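Visitor: Got structure.cif for you, mmCIF, C-alpha atoms:
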```cif
data_model
loop_
_atom_site.group_PDB
_atom_site.id
_atom_site.type_symbol
_atom_site.label_atom_id
_atom_site.label_comp_id
_atom_site.auth_asym_id
_atom_site.auth_seq_id
_atom_site.Cartn_x
_atom_site.Cartn_y
_atom_site.Cartn_z
ATOM 1 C CA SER A 1 128.430 85.212 124.723
ATOM 2 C CA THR A 2 129.039 88.074 122.320
ATOM 3 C CA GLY A 3 130.685 88.685 118.968
ATOM 4 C CA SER A 4 132.115 91.774 117.274
ATOM 5 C CA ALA A 5 133.294 91.996 113.656
ATOM 6 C CA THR A 6 134.393 94.829 111.421
ATOM 7 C CA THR A 7 132.469 95.377 108.208
ATOM 8 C CA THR A 8 134.225 97.040 105.265
ATOM 9 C CA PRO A 9 132.849 98.724 102.120
ATOM 10 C CA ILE A 10 133.587 96.737 98.951
ATOM 11 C CA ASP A 11 134.340 99.842 96.895
ATOM 12 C CA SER A 12 134.612 103.621 96.994
ATOM 13 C CA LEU A 13 130.815 104.067 96.725
ATOM 14 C CA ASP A 14 129.818 101.833 99.662
ATOM 15 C CA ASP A 15 127.895 99.614 97.228
ATOM 16 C CA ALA A 16 127.929 96.856 99.855
ATOM 17 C CA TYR A 17 129.841 95.834 102.968
ATOM 18 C CA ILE A 18 131.763 92.626 103.664
ATOM 19 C CA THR A 19 132.425 91.004 107.013
ATOM 20 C CA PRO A 20 134.865 88.119 107.573
ATOM 21 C CA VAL A 21 133.230 84.851 108.687
ATOM 22 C CA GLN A 22 134.998 81.665 109.807
ATOM 23 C CA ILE A 23 133.448 78.451 108.470
ATOM 24 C CA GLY A 24 134.541 74.918 109.249
ATOM 25 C CA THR A 25 137.492 73.204 110.901
ATOM 26 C CA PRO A 26 140.188 74.329 110.339
ATOM 27 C CA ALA A 27 138.594 77.710 109.718
ATOM 28 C CA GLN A 28 137.955 78.854 106.175
ATOM 29 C CA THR A 29 137.477 82.632 106.220
ATOM 30 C CA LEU A 30 135.029 84.023 103.668
ATOM 31 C CA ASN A 31 133.935 87.648 103.312
ATOM 32 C CA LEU A 32 130.150 87.704 103.465
ATOM 33 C CA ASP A 33 127.538 90.372 102.823
ATOM 34 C CA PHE A 34 125.443 90.594 106.017
ATOM 35 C CA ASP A 35 121.863 91.084 104.830
ATOM 36 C CA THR A 36 119.058 91.987 107.235
ATOM 37 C CA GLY A 37 116.661 91.649 104.273
ATOM 38 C CA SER A 38 117.132 87.900 103.716
ATOM 39 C CA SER A 39 117.545 84.726 105.742
ATOM 40 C CA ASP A 40 119.962 82.395 103.935
ATOM 41 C CA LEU A 41 123.673 81.969 104.715
ATOM 42 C CA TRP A 42 125.078 80.913 101.350
ATOM 43 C CA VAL A 43 128.605 80.741 100.007
ATOM 44 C CA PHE A 44 130.640 80.309 96.889
ATOM 45 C CA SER A 45 132.024 76.805 97.185
ATOM 46 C CA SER A 46 133.937 73.947 95.619
ATOM 47 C CA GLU A 47 130.528 72.944 94.173
ATOM 48 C CA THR A 48 129.932 76.239 92.353
ATOM 49 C CA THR A 49 129.907 75.912 88.545
ATOM 50 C CA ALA A 50 133.496 76.795 87.629
ATOM 51 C CA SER A 51 132.608 79.351 84.947
ATOM 52 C CA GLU A 52 130.554 81.251 87.547
ATOM 53 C CA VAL A 53 133.484 81.742 89.934
ATOM 54 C CA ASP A 54 135.722 84.764 89.226
ATOM 55 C CA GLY A 55 138.006 85.694 92.105
ATOM 56 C CA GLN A 56 135.823 84.755 95.085
ATOM 57 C CA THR A 57 137.124 82.727 97.984
ATOM 58 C CA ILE A 58 135.319 79.395 98.143
ATOM 59 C CA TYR A 59 134.185 77.119 100.956
ATOM 60 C CA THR A 60 135.339 73.525 100.474
ATOM 61 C CA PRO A 61 133.291 71.291 102.775
ATOM 62 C CA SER A 62 135.465 68.228 102.083
ATOM 63 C CA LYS A 63 138.337 70.063 103.832
ATOM 64 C CA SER A 64 136.291 70.711 106.981
ATOM 65 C CA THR A 65 136.263 67.984 109.615
ATOM 66 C CA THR A 66 133.031 69.385 111.078
ATOM 67 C CA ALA A 67 131.072 69.678 107.795
ATOM 68 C CA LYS A 68 128.145 67.317 107.256
ATOM 69 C CA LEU A 69 125.879 67.127 104.226
ATOM 70 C CA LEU A 70 122.301 67.994 105.186
ATOM 71 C CA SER A 71 120.924 65.128 103.181
ATOM 72 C CA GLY A 72 118.228 65.982 100.663
ATOM 73 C CA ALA A 73 118.204 69.703 101.407
ATOM 74 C CA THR A 74 118.302 72.247 98.603
ATOM 75 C CA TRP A 75 117.914 76.007 98.417
ATOM 76 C CA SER A 76 117.137 78.618 95.789
ATOM 77 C CA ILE A 77 116.813 82.350 96.277
ATOM 78 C CA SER A 78 115.987 85.394 94.179
ATOM 79 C CA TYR A 79 116.754 88.906 95.376
ATOM 80 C CA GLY A 80 115.039 92.230 94.740
ATOM 81 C CA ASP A 81 117.744 93.278 92.299
ATOM 82 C CA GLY A 82 117.024 90.256 90.098
ATOM 83 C CA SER A 83 120.079 88.276 91.175
ATOM 84 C CA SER A 84 119.827 84.663 92.307
ATOM 85 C CA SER A 85 121.676 81.597 93.515
ATOM 86 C CA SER A 86 120.919 77.970 94.429
ATOM 87 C CA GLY A 87 122.490 74.745 95.626
ATOM 88 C CA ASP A 88 122.648 72.184 98.412
ATOM 89 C CA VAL A 89 123.337 72.414 102.153
ATOM 90 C CA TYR A 90 125.915 71.455 104.762
ATOM 91 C CA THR A 91 125.936 72.004 108.474
ATOM 92 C CA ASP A 92 129.191 73.284 109.932
ATOM 93 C CA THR A 93 130.685 75.494 112.634
ATOM 94 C CA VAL A 94 130.377 79.204 111.856
ATOM 95 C CA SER A 95 132.020 82.008 113.813
ATOM 96 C CA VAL A 96 131.563 85.758 113.505
ATOM 97 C CA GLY A 97 133.793 88.076 115.495
ATOM 98 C CA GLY A 98 134.462 85.435 118.145
ATOM 99 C CA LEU A 99 130.854 84.196 118.436
ATOM 100 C CA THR A 100 130.515 80.543 117.424
ATOM 101 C CA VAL A 101 127.468 78.570 116.280
ATOM 102 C CA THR A 102 127.747 74.821 115.799
ATOM 103 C CA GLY A 103 125.442 73.066 113.351
ATOM 104 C CA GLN A 104 124.760 76.196 111.280
ATOM 105 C CA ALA A 105 123.217 75.586 107.863
ATOM 106 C CA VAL A 106 125.793 76.655 105.282
ATOM 107 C CA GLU A 107 124.145 76.770 101.882
ATOM 108 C CA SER A 108 126.644 75.805 99.189
ATOM 109 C CA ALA A 109 126.056 77.417 95.805
ATOM 110 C CA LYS A 110 125.993 75.217 92.753
ATOM 111 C CA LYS A 111 124.809 78.151 90.604
ATOM 112 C CA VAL A 112 125.010 81.918 90.993
ATOM 113 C CA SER A 113 123.758 84.661 88.679
ATOM 114 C CA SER A 114 126.046 86.971 86.760
ATOM 115 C CA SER A 115 125.918 89.831 89.272
ATOM 116 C CA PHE A 116 127.450 87.569 91.923
ATOM 117 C CA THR A 117 130.117 86.193 89.591
ATOM 118 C CA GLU A 118 131.065 89.720 88.544
ATOM 119 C CA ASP A 119 131.615 90.849 92.126
ATOM 120 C CA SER A 120 134.897 89.300 93.191
ATOM 121 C CA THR A 121 134.736 90.862 96.664
ATOM 122 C CA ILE A 122 131.599 89.080 97.946
ATOM 123 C CA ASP A 123 132.033 85.400 98.825
ATOM 124 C CA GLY A 124 128.377 84.916 99.841
ATOM 125 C CA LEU A 125 125.587 86.293 102.006
ATOM 126 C CA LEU A 126 124.741 85.945 105.677
ATOM 127 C CA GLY A 127 121.031 86.540 106.168
ATOM 128 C CA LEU A 128 119.786 88.317 109.290
ATOM 129 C CA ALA A 129 116.044 88.688 108.577
ATOM 130 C CA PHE A 130 113.584 86.286 110.221
ATOM 131 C CA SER A 131 114.074 82.566 109.690
ATOM 132 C CA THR A 132 110.572 82.266 108.192
ATOM 133 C CA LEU A 133 112.137 83.574 104.927
ATOM 134 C CA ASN A 134 114.850 80.900 104.776
ATOM 135 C CA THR A 135 114.599 79.032 101.458
ATOM 136 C CA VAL A 136 115.965 75.601 102.419
ATOM 137 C CA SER A 137 113.639 72.752 101.432
ATOM 138 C CA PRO A 138 112.182 70.450 102.653
ATOM 139 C CA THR A 139 113.319 71.496 106.144
ATOM 140 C CA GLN A 140 113.608 75.262 106.637
ATOM 141 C CA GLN A 141 116.780 76.352 108.445
ATOM 142 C CA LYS A 142 117.572 79.006 111.041
ATOM 143 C CA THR A 143 119.708 82.103 110.561
ATOM 144 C CA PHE A 144 123.027 82.535 112.341
ATOM 145 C CA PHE A 145 121.390 85.045 114.702
ATOM 146 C CA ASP A 146 118.450 82.757 115.455
ATOM 147 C CA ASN A 147 120.858 79.907 116.285
ATOM 148 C CA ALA A 148 123.082 82.151 118.433
ATOM 149 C CA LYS A 149 120.301 84.006 120.226
ATOM 150 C CA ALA A 150 119.832 81.869 123.314
ATOM 151 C CA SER A 151 123.576 81.948 124.045
ATOM 152 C CA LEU A 152 123.938 85.714 123.654
ATOM 153 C CA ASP A 153 124.194 88.011 126.669
ATOM 154 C CA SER A 154 121.230 89.925 125.184
ATOM 155 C CA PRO A 155 119.152 88.786 122.176
ATOM 156 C CA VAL A 156 120.289 91.593 119.886
ATOM 157 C CA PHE A 157 122.643 92.513 117.116
ATOM 158 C CA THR A 158 123.687 95.982 115.999
ATOM 159 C CA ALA A 159 124.682 97.478 112.659
ATOM 160 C CA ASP A 160 127.072 100.433 112.645
ATOM 161 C CA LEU A 161 127.890 100.985 108.980
ATOM 162 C CA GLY A 162 130.490 103.539 107.945
ATOM 163 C CA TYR A 163 130.320 106.210 105.277
ATOM 164 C CA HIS A 164 133.317 105.516 103.038
ATOM 165 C CA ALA A 165 134.875 103.755 106.048
ATOM 166 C CA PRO A 166 134.713 100.487 107.990
ATOM 167 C CA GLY A 167 132.072 99.882 110.633
ATOM 168 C CA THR A 168 130.947 97.147 113.007
ATOM 169 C CA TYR A 169 128.423 94.350 113.497
ATOM 170 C CA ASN A 170 128.040 93.374 117.153
ATOM 171 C CA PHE A 171 126.115 90.386 118.495
ATOM 172 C CA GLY A 172 124.782 90.110 122.026
ATOM 173 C CA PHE A 173 125.496 93.593 123.375
ATOM 174 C CA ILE A 174 124.938 97.279 122.760
ATOM 175 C CA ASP A 175 128.179 99.303 122.636
ATOM 176 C CA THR A 176 127.156 102.457 124.473
ATOM 177 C CA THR A 177 130.292 104.249 123.197
ATOM 178 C CA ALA A 178 129.248 103.813 119.545
ATOM 179 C CA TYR A 179 126.437 106.373 119.407
ATOM 180 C CA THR A 180 125.480 109.813 120.655
ATOM 181 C CA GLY A 181 122.384 110.707 122.644
ATOM 182 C CA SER A 182 119.775 107.998 123.217
ATOM 183 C CA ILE A 183 118.464 105.066 121.208
ATOM 184 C CA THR A 184 114.839 105.407 120.089
ATOM 185 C CA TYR A 185 113.042 102.095 119.759
ATOM 186 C CA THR A 186 110.153 101.501 117.385
ATOM 187 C CA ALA A 187 107.762 98.616 116.714
ATOM 188 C CA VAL A 188 108.493 95.854 114.218
ATOM 189 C CA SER A 189 106.121 93.696 112.199
ATOM 190 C CA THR A 190 107.515 90.280 111.340
ATOM 191 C CA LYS A 191 104.510 89.395 109.153
ATOM 192 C CA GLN A 192 106.543 89.538 105.929
ATOM 193 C CA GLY A 193 109.713 88.114 107.513
ATOM 194 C CA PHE A 194 111.530 91.455 107.519
ATOM 195 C CA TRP A 195 112.603 94.017 110.094
ATOM 196 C CA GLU A 196 109.590 96.075 109.043
ATOM 197 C CA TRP A 197 108.812 99.318 110.845
ATOM 198 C CA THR A 198 107.057 102.664 110.316
ATOM 199 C CA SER A 199 108.969 105.907 110.033
ATOM 200 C CA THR A 200 107.132 108.970 111.315
ATOM 201 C CA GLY A 201 108.074 111.292 108.429
ATOM 202 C CA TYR A 202 110.812 113.181 106.669
ATOM 203 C CA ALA A 203 112.447 116.500 105.902
ATOM 204 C CA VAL A 204 114.537 117.669 102.954
ATOM 205 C CA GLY A 205 117.568 119.775 103.817
ATOM 206 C CA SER A 206 116.663 122.545 106.246
ATOM 207 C CA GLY A 207 112.982 122.245 105.340
ATOM 208 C CA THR A 208 110.094 121.617 107.684
ATOM 209 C CA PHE A 209 109.428 118.076 108.863
ATOM 210 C CA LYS A 210 106.487 116.342 107.202
ATOM 211 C CA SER A 211 104.673 114.014 109.596
ATOM 212 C CA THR A 212 103.585 110.980 107.611
ATOM 213 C CA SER A 213 103.764 107.227 108.200
ATOM 214 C CA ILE A 214 106.223 105.400 105.942
ATOM 215 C CA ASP A 215 106.244 101.615 106.344
ATOM 216 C CA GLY A 216 109.518 100.043 105.241
ATOM 217 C CA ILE A 217 112.250 97.546 106.016
ATOM 218 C CA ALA A 218 115.691 97.977 107.590
ATOM 219 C CA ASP A 219 117.830 96.224 104.975
ATOM 220 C CA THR A 220 121.625 96.193 105.221
ATOM 221 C CA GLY A 221 121.804 94.210 101.971
ATOM 222 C CA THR A 222 120.271 97.004 99.866
ATOM 223 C CA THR A 223 122.574 99.873 98.900
ATOM 224 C CA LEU A 224 120.105 102.733 98.486
ATOM 225 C CA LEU A 225 117.113 104.340 100.189
ATOM 226 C CA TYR A 226 113.857 103.496 98.377
ATOM 227 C CA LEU A 227 110.847 105.603 99.361
ATOM 228 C CA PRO A 228 107.440 106.586 97.942
ATOM 229 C CA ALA A 229 107.511 108.581 94.724
ATOM 230 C CA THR A 230 106.003 111.639 96.421
ATOM 231 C CA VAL A 231 108.838 111.779 98.986
ATOM 232 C CA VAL A 232 111.547 111.152 96.405
ATOM 233 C CA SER A 233 110.188 113.827 94.058
ATOM 234 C CA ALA A 234 110.160 116.324 96.936
ATOM 235 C CA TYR A 235 113.835 115.546 97.631
ATOM 236 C CA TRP A 236 115.122 115.795 94.054
ATOM 237 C CA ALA A 237 113.109 118.947 93.365
ATOM 238 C CA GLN A 238 115.625 120.681 95.651
ATOM 239 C CA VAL A 239 118.555 119.769 93.359
ATOM 240 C CA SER A 240 118.950 121.913 90.231
ATOM 241 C CA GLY A 241 118.975 119.770 87.127
ATOM 242 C CA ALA A 242 117.965 116.522 88.835
ATOM 243 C CA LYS A 243 115.570 114.317 86.905
ATOM 244 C CA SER A 244 114.263 110.793 86.722
ATOM 245 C CA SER A 245 115.841 108.980 83.813
ATOM 246 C CA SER A 246 114.066 105.887 82.518
ATOM 247 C CA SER A 247 117.158 105.014 80.453
ATOM 248 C CA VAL A 248 119.479 105.088 83.479
ATOM 249 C CA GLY A 249 116.911 103.572 85.850
ATOM 250 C CA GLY A 250 116.256 106.300 88.395
ATOM 251 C CA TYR A 251 117.011 109.813 89.512
ATOM 252 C CA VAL A 252 120.245 111.360 88.292
ATOM 253 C CA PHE A 253 121.693 114.754 89.087
ATOM 254 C CA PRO A 254 124.531 116.985 87.895
ATOM 255 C CA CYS A 255 127.807 115.913 89.425
ATOM 256 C CA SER A 256 128.457 119.640 90.103
ATOM 257 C CA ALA A 257 125.581 119.748 92.616
ATOM 258 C CA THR A 258 125.780 120.055 96.360
ATOM 259 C CA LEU A 259 123.104 117.663 97.674
ATOM 260 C CA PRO A 260 120.795 118.542 100.578
ATOM 261 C CA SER A 261 120.513 116.278 103.590
ATOM 262 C CA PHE A 262 117.511 114.007 104.145
ATOM 263 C CA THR A 263 115.969 113.463 107.574
ATOM 264 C CA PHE A 264 113.777 110.526 108.550
ATOM 265 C CA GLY A 265 111.689 110.142 111.684
ATOM 266 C CA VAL A 266 111.955 107.375 114.268
ATOM 267 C CA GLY A 267 109.150 108.094 116.702
ATOM 268 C CA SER A 268 109.827 111.625 117.935
ATOM 269 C CA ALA A 269 113.537 111.286 117.071
ATOM 270 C CA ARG A 270 115.229 112.261 113.817
ATOM 271 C CA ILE A 271 118.082 110.701 111.841
ATOM 272 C CA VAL A 272 119.883 113.017 109.424
ATOM 273 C CA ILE A 273 121.451 111.588 106.272
ATOM 274 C CA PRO A 274 124.103 114.080 105.058
ATOM 275 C CA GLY A 275 123.857 115.076 101.413
ATOM 276 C CA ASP A 276 127.185 113.456 100.546
ATOM 277 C CA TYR A 277 125.757 110.045 101.539
ATOM 278 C CA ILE A 278 123.236 110.414 98.696
ATOM 279 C CA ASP A 279 125.924 110.735 95.973
ATOM 280 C CA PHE A 280 126.588 107.489 94.073
ATOM 281 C CA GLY A 281 128.871 109.055 91.528
ATOM 282 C CA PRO A 282 128.992 109.136 87.747
ATOM 283 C CA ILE A 283 126.474 106.898 85.972
ATOM 284 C CA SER A 284 129.336 105.679 83.766
ATOM 285 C CA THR A 285 133.033 106.414 83.964
ATOM 286 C CA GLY A 286 133.752 110.056 83.130
ATOM 287 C CA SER A 287 130.101 111.136 83.000
ATOM 288 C CA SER A 288 128.973 114.400 84.583
ATOM 289 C CA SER A 289 125.594 112.805 85.405
ATOM 290 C CA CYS A 290 125.593 111.254 88.864
ATOM 291 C CA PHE A 291 123.310 108.560 90.289
ATOM 292 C CA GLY A 292 121.137 109.426 93.271
ATOM 293 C CA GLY A 293 121.087 107.511 96.520
ATOM 294 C CA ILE A 294 117.370 108.131 97.175
ATOM 295 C CA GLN A 295 115.149 106.396 94.632
ATOM 296 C CA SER A 296 111.476 105.576 94.216
ATOM 297 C CA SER A 297 110.092 102.346 95.649
ATOM 298 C CA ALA A 298 107.161 102.456 93.219
ATOM 299 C CA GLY A 299 106.925 99.024 91.653
ATOM 300 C CA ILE A 300 109.149 97.377 94.291
ATOM 301 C CA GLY A 301 106.106 96.946 96.476
ATOM 302 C CA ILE A 302 107.934 97.929 99.671
ATOM 303 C CA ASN A 303 109.938 100.867 100.985
ATOM 304 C CA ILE A 304 113.551 100.009 101.828
ATOM 305 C CA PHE A 305 115.749 101.725 104.387
ATOM 306 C CA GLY A 306 118.970 100.484 102.845
ATOM 307 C CA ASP A 307 122.582 101.373 103.560
ATOM 308 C CA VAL A 308 122.184 105.066 102.642
ATOM 309 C CA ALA A 309 119.815 105.435 105.589
ATOM 310 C CA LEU A 310 121.265 102.881 107.986
ATOM 311 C CA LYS A 311 124.845 104.159 107.780
ATOM 312 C CA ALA A 312 123.635 107.496 109.212
ATOM 313 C CA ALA A 313 122.629 105.673 112.414
ATOM 314 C CA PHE A 314 123.592 103.152 115.045
ATOM 315 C CA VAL A 315 120.889 100.495 114.535
ATOM 316 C CA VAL A 316 119.729 97.907 117.080
ATOM 317 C CA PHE A 317 118.025 94.776 115.808
ATOM 318 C CA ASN A 318 116.291 93.595 118.982
ATOM 319 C CA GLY A 319 115.326 89.939 118.694
ATOM 320 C CA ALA A 320 113.509 89.683 122.003
ATOM 321 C CA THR A 321 110.214 87.774 122.099
ATOM 322 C CA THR A 322 108.566 90.872 120.638
ATOM 323 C CA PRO A 323 111.198 92.240 118.245
ATOM 324 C CA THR A 324 111.857 95.973 117.942
ATOM 325 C CA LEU A 325 114.300 98.266 116.119
ATOM 326 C CA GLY A 326 116.376 101.001 117.716
ATOM 327 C CA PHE A 327 118.019 103.992 116.056
ATOM 328 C CA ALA A 328 120.549 106.453 117.452
ATOM 329 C CA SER A 329 122.558 109.226 115.894
ATOM 330 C CA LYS A 330 126.339 108.777 115.932
#
```
Once more with this new file: its structure as structure tokens, please.
Guide:
Amino acid sequence: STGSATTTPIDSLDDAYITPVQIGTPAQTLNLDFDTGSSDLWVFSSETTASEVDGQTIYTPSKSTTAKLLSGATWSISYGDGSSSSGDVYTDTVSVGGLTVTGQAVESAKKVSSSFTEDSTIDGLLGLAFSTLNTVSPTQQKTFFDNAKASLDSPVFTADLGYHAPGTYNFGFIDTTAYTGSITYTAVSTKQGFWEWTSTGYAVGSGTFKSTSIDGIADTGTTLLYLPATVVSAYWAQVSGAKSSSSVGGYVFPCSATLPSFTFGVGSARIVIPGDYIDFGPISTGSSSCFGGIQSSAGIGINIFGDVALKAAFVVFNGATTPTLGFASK
């Protein structure tokens, strides 16, 4: 089997991407944030505290003839941005782009933090990291991909995120029309539960490539590119007037700037992030200070190849017995 679904930016900055997901019988379609940095499929629901729901579409398990309470199971998750959610668990039929999993754990939120409430466009998350990170207790549950894997034509999924445009998540096949040149594959460590890999270096604009190992995670659920302070300083030093602002929470730059590109290494291959991808717009409405899309990972504890990086590539998440990651230009 295979599946193919379009993923759409939630706003004009590509802050996140939503993908329609069918849950239950008859189908209830919710728009979920596919997150290769976490491993829980959770949804706004009829159980979510009413004051914490503001415009989201909810899953109502009592209206699904295939929903079953997973008795005694609870979940609770905290994300890198400080947001969180928790609740109980149902199993139900879940379909993405024509690919169906029966008996998928659907984690129903009883509580969500303010950031989730305030984002009316995201109805929940669909985790695509390794199932070892799944938070369901006392019986850990499998991700949608893990459940689907054995049925797929090939044990892979691909992320093809758009810049200010829709893109695609495919399951079970590699669309050879969706990228240019060849795909370069690189080793993955699953020791921390992430799609963790090592970039071979970077360049800023038309500058020379610096060969240096940068361990980080491929994370579709993180907006920006978070890299070591040395690398980030070298980038922003090429933008007149750019500075790190403790009050804003990262590097800002004059909105009048033209940003240089940023290149990262994948083995001997190179992925180029155009400068425009690094512009996250005014820090507040009407400001002439703009927020940068490359930020320091210092104090996160891990480097994160988030959407800023991934949307410059066609990315293969290869879930074979020994997982790997592939990157192609597009």
Visitor: A:304, A:312, A:125, A:325: which is nearest residue A:80, counting all atoms listed in the file?
Guide: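 Going through A:304, A:312, A:125, A:325 one by one, the smallest distance to residue A:80 is for A:304.
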Visitor: Which residues would end up in the selection if the PyMOL selection byres ((chain A and resi 121) around 7) were applied here, given that I need the answer as a list in words?
Guide: residues 10, 56, 119, 120, 122 and 123 of chain A
Visitor: Those residues you just picked out, can you put them in a file as a short mmCIF file (atom, residue, chain, number, x, y, z; two decimals), keeping the file's coordinate frame with C-alpha atoms?
Guide:
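Contents of part.cif, freshly written:
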```cif
data_model
loop_
_atom_site.label_atom_id
_atom_site.label_comp_id
_atom_site.auth_asym_id
_atom_site.auth_seq_id
_atom_site.Cartn_x
_atom_site.Cartn_y
_atom_site.Cartn_z
CA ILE A 10 133.59 96.74 98.95
CA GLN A 56 135.82 84.76 95.08
CA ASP A 119 131.62 90.85 92.13
CA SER A 120 134.90 89.30 93.19
CA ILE A 122 131.60 89.08 97.95
CA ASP A 123 132.03 85.40 98.82
#
```
Visitor: Carefully work through the PyMOL selection byres ((chain A and resi 246-251) around 9) for this structure and note down the residues it includes, as a ChimeraX atom specification.
Guide: /A:232,236,242-245,252-253,283,290-296
Visitor: Taking the file as I've supplied it (selection: the PyMOL selection byres ((chain A and resi 174) around 10)), which residues are included? Please answer as a list in words.
Guide: residues 154, 156, 157, 158, 170, 171, 172, 173, 175, 176, 177, 178, 179, 314, 315 and 316 of chain A
Visitor: Please, could you write that set of residues out with C-alpha atoms as a tab-separated table (two decimals), keeping the file's coordinate frame?
Guide:
```tsv
chain	number	residue	atom	x	y	z
A	154	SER	CA	121.23	89.92	125.18
A	156	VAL	CA	120.29	91.59	119.89
A	157	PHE	CA	122.64	92.51	117.12
A	158	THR	CA	123.69	95.98	116.00
A	170	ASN	CA	128.04	93.37	117.15
A	171	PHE	CA	126.12	90.39	118.50
A	172	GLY	CA	124.78	90.11	122.03
A	173	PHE	CA	125.50	93.59	123.38
A	175	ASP	CA	128.18	99.30	122.64
A	176	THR	CA	127.16	102.46	124.47
A	177	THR	CA	130.29	104.25	123.20
A	178	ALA	CA	129.25	103.81	119.54
A	179	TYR	CA	126.44	106.37	119.41
A	314	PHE	CA	123.59	103.15	115.04
A	315	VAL	CA	120.89	100.50	114.54
A	316	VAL	CA	119.73	97.91	117.08
```
Visitor: When you look at stretch 96-112 of chain A with a cut-off of 7 Å (counting all atoms listed in the file), what residues show up, excluding the ones that are within fewer than 6 positions of it in the same chain? I need them as an MDAnalysis selection string.
Guide: chainID A and resid 1:5 21:22 41:45 47:49 52 84:90 141 144 147:148
Visitor: Would you mind telling me which residue in A:12, A:74, A:91, A:57 lies nearest to residue A:24 when using only C-alpha atoms?
Guide: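 Ranked by minimum distance to residue A:24, first place goes to A:91.
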Visitor: Would you please work out which residue, of A:187, A:75, A:83, A:151, is nearest to residue A:137 when using all atoms listed in the file?
Guide: A:75
Visitor: Of the candidates A:192, A:180, A:143, A:39, which shows the shortest atom-to-atom distance to residue A:313, using all atoms listed in the file?
Guide: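 Among A:192, A:180, A:143, A:39, it is A:180 that comes nearest to residue A:313.
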Visitor: Name the closest residue to residue A:145 among the candidates A:319, A:193, A:9, A:20; distances are taken between atoms, counting only C-alpha atoms.
Guide: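 Closest to residue A:145 of all the choices is A:319.
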Visitor: For residue A:16, find every residue with an atom within 12 Å (counting all atoms listed in the file), except residues of its own chain fewer than 6 positions away, and show them as JSON, numbers by chain.
Guide: {"A": [7, 8, 9, 10, 31, 32, 33, 34, 35, 119, 121, 122, 124, 125, 161, 162, 163, 164, 165, 166, 167, 219, 220, 221, 222, 223, 224, 306, 307, 308, 311]}
Visitor: Between atom CA of residue A:205 and atom CA of residue A:185, what is the distance, to one decimal in Å?
Guide: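 So the two atoms, atom CA of residue A:205 and atom CA of residue A:185, lie 24.2 Å apart.
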Visitor: What gap, in Å, lies between atom CA of residue A:326 and atom CA of residue A:184?
Guide: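 Computing it gives 5.2 Å between the two atoms.
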Visitor: Go through A:29, A:278, A:254, A:271 and flag the residue nearest residue A:181, using all atoms listed in the file for the distances.
Guide: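 Residue with the minimum atom-to-atom distance to residue A:181: A:271.
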Visitor: Which residues, written as a list in words, have at least one atom at most 9 Å from residue A:255, with only C-alpha atoms counted and residues fewer than 5 positions away on the same chain left out?
Guide: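 Neighbouring residues, sequence-local ones excluded: residues 279, 281, 282, 287, 288, 289, 290 and 291 of chain A.
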Visitor: Next, write the just-selected residues to a file, as a PDB file, in the frame of the given file, keeping C-alpha atoms as the atom set.
Guide:
```pdb
ATOM      1  CA  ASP A 279     125.924 110.735  95.973  1.00  0.00           C
ATOM      2  CA  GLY A 281     128.871 109.055  91.528  1.00  0.00           C
ATOM      3  CA  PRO A 282     128.992 109.136  87.747  1.00  0.00           C
ATOM      4  CA  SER A 287     130.101 111.136  83.000  1.00  0.00           C
ATOM      5  CA  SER A 288     128.973 114.400  84.583  1.00  0.00           C
ATOM      6  CA  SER A 289     125.594 112.805  85.405  1.00  0.00           C
ATOM      7  CA  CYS A 290     125.593 111.254  88.864  1.00  0.00           C
ATOM      8  CA  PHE A 291     123.310 108.560  90.289  1.00  0.00           C
TER       9      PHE A 291
END
```
Visitor: From (101.4, 113.2, 112.7), in the file's coordinates, out to 9 Å: which residues are reached, counting all atoms listed in the file? Answer as a list in words.
Guide: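 Those residues, ordered by chain and then number, are residues 200, 201, 210, 211, 212 and 213 of chain A.
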Visitor: Take the residues from that selection and put them in a file with C-alpha atoms, as a tab-separated table (two decimals), in the coordinates of the input.
Guide:
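As a result, result_3.tsv now contains:
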```
chain	number	residue	atom	x	y	z
A	200	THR	CA	107.13	108.97	111.32
A	201	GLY	CA	108.07	111.29	108.43
A	210	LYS	CA	106.49	116.34	107.20
A	211	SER	CA	104.67	114.01	109.60
A	212	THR	CA	103.58	110.98	107.61
A	213	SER	CA	103.76	107.23	108.20
```
Visitor: Need to verify the contact set: residue A:62, 10 Å, all atoms listed in the file, exclusion of same-chain residues closer than 6 positions in sequence. Can you return it as a VMD selection string?
Guide: chain A and resid 24 46 68 to 69
Visitor: Find the spatial neighbours of residue A:273, counting all atoms listed in the file, within a cut-off of 6 Å - ignore same-chain residues fewer than 4 positions away - and output them as a VMD selection string.
Guide: chain A and resid 261 to 263 312
Visitor: Interatomic distance between atom CA of residue A:79 and atom CA of residue A:113?
Guide: 10.6 Å
